[PDB]
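Here the structure comes first, spelled out in structure tokens, and everything after it is commentary.
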Amino acid sequence: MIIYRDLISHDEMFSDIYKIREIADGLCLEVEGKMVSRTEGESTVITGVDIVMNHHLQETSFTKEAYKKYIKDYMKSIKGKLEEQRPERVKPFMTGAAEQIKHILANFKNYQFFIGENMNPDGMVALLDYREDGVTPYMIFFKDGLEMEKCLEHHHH
Amino acid sequence: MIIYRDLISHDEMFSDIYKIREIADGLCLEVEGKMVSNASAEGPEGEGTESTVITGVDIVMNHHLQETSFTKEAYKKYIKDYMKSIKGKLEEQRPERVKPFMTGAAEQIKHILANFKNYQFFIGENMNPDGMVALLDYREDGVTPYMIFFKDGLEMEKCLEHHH
């Protein structure tokens with residue numbers, strides 16, 4: 001098991017129980033979800070994306086203007102982290118993110134927006150969209166905004 | 001995140017992303033799962062519509078649990094040996110638990126056998142014949158899946174969060 005945590009907010013975002021692939025020349029991780037149904041007490066049936074339910078992701082929303090403002094600031098926060106920790110990623114992050122912002126805005130209506138449980142305005146905003154079948158959910162995260170935590174092997178002395 | 005692992009086989013069985021409760025005086029854990037699954054219709058002239066039952070359970074898919082099956086005779090033999098293996102581990106590691114484990118498991122075995130046809134049977138990814146067999150059943154609502162594990166047959170392992 002590997003946990004993927006938001007570098008800024010420290011929220012758990014997802015784990016490797018889902019299919020994960022790199023897209024956008026290594027800038028983003030695309031995490032394929034499943035639609036699932038849980039029940040709450063007579064029972065009520067509640068359907069949604071597994072990734073969102075399992076990791077307590079919170080739906081949020083934005084105007085385009087507010088998203089443009091937010092995403093510019095988010096890039097600057099990640100640039101600063103990369104400068105300290107991984108200076109080799111700075112250039113591909115900044116050019117890659119510049120390209121992606123234009124495309125996210127061009128397709129703004131197609132997305133739903135999710136943040137970590139803490140709902141930190143500085144944290145990552147994951148994007149939810151659906152495959153060509155219109156039914157299989159997938160979520161997009163910025164790889165440079167995530168920290169990987171392996172669940173380590175545990176032994177007795 | 002906390003991982004629950006089979007004490008014998010070392011397989012990951014589940015994690016604390018599910019609703020979990022203890023039952024039978026702390027002998028077992030019940031882990032609640034989630035169901036995983051053109052408007053044309055033929056009407057009376059055709060056949061009835063297909064069943065809407067949802068047969069998928071997320072716990073199984075997420076932790077690579079493997080369905081297995083048993084005759085009632087083979088399950089009796091297996092579960093008796095499984096208790097002996099657990100008693101052993103408790104003797105080595107938690108001697109206090111032996112007595113309530115053996116009475117509690119004796120009761121549980123009779124309950125399971127009485128309700129044998131109600132279960133599906135799942136083991137960890139390694140498919141070790143000495144490992145735990147988790148039992149899948151459905152709540153009284155008819156539709157919510159849950160899985161039963163022997164708590165004494167599990168090890169809890171935290172995924173330790175990093176210092177940031």
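Protein sequences appear in the order of chains A and B.
For the first sequence, the residue numbers in the deposited numbering are 1 to 41, 63 to 178.
For the second sequence, the residue numbers in the deposited numbering are 1 to 37, 51 to 177.
Beta carbons: idealized from backbone N, C-alpha and C, even for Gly.
| Item | Value |
| --- | --- |
| Boundaries (first-last residue) of the beta strand (DSSP E) holding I136(A) | 133-136 |
| Chain B residues whose Cβ lies nearer than 7 Å to that of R38(A) | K34 |
| Buried versus exposed, by CB contacts within 10 Å (16 or more), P158(B) | buried |
| Chain A contacts made by the stretch 60-75 of chain B, where a contact means CB separation under 9 Å | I67, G69, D71, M74, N75 |
| Residues of the stretch 144-175 of chain A with Cβ closer than 9 Å to any Cβ of chain B, in chain order | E168, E170, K171, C172, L173, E174, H175 |
| For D25(A), the first and last residue of its enclosing alpha helix (DSSP H) | It is not in any alpha helix (DSSP H) - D25(A) carries neither H nor E in the DSSP assignment. |
| Rounded straight-line distance, which links the Cα of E104(B) to that of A118(B) | 15 Å |
| Cβ of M1(A) within 8 Å of any chain B Cβ | yes |
| Euclidean distance between Cα positions of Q133(A) and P108(B) | 53 Å |
| Contact belief for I17(A) with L29(A) at Cβ below 8 Å, rounded distance in angstroms | Between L29(A) and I17(A) the Cβ distance is about 14 Å, and since that is not below 8 Å, they are no contact. |
| Contact under 8 Å by Cβ, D154(B) with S64(A) | yes |
| Chain A within 8 Å of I20(B), Cβ atoms only | no |
| Limits of the unbroken alpha helix (DSSP H) element including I72(A) | 71-75 |
| Check whether residue 45(B) and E174(B) have beta carbons under 8 Å apart | No atoms of residue 45(B) appear, because in chain B residue 37 is followed directly by 51. |
| Top-ranked residue by Cα proximity to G41(A), from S9(B), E80(B), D71(B), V156(B) | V156(B) |
| Contacting residues, own chain, Cβ-Cβ under 6 Å from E120(B) (five flanking each side not counted) | none |
| Buried/exposed call for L126(A), threshold 16 Cβ in 10 Å | exposed |
| Residue-level contact to chain A via CB, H124(B), 8 Å cutoff | no |
| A147(A) to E80(A) span [Cα, whole Å] | 9 Å |
| Interface partners of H10(A) on chain D, CB under 7 Å | This model lacks chain D altogether, as its protein chains are A and B. |
| Expected contact under 8 Å - CB spacing of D11(B) and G33(B) to nearest Å | Going by Cβ atoms, the distance from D11(B) to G33(B) rounds to 17 Å, so no, they are not a contact pair. |
| Given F135(B) as reference, the closest of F163(B), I92(B), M145(B) once Cα atoms are compared | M145(B) |
| Buried versus exposed call for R38(A) [16 or more other C-beta atoms within 10 Å across all chains shown] | buried |
| Chain-ordered neighbours of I17(A) on chain B, where CB pairs are closer than 8 Å | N75, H76 |
| 8 Å CB neighbourhood of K164(B) in its chain, flanking five on each side removed | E22, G26, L27, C28, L29 |
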